[PDB]
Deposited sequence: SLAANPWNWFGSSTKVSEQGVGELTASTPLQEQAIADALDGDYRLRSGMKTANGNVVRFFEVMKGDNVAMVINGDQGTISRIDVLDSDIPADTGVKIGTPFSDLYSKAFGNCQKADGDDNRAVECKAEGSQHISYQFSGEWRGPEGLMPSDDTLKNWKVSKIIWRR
């Protein structure tokens, strides 16, 4: 299982946002939980794919339109994984990255982004500088349809 342009394993833009569809798509020893939230003047459903006590993925959609991956065992097919150092991927934040954690588009991808976390430095309403960020690490991989 990897994050790719098409989704996460067999979870894709055509995957219904439904318990049995997701469970059939999933390839691992996961549990599944659900929830609802507010979006665009309505209420939408989401699923949390659970790996033990911890969220491995959040699936949003009523068909899947976003998957946040927190499971360190699922890399991006760009080779990026949870824990990848910022400085492995980017020489600077400018234009690549924005406050989500900081979120950056994967180079050459239309669908994949990485969120980074690390020690915050400076004012809270801006992206931290390049010298702080160099030591940040990937804390989430995000796919969007």
item: Deposited positions lacking CA coordinates; value: 1-13, 75-76, 116-121
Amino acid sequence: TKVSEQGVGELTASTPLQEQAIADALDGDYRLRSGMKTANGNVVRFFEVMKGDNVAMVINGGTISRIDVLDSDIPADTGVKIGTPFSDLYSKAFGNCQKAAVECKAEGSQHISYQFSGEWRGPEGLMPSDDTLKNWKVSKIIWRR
From here on, numbers count along this sequence of modelled residues.
{"item": "Selected stretch [higher average CA B-factor]: 14-22 or 123-131", "value": "123-131"}
{"item": "Mean temperature factor over C-alpha atoms, higher-scoring stretch between 91-99 and 46-54", "value": "91-99"}
{"item": "C-alpha B-factor winner, where the candidates are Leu32, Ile112, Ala39, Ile59", "value": "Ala39"}
{"item": "Chain thirds of CA B-factor: placement of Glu107", "value": "middle"}
{"item": "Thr84 - which third its CA temperature factor falls in, relative to the rest of the chain", "value": "lowest"}
{"item": "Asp68 CA temperature factor, ranked by third within the chain", "value": "lowest"}
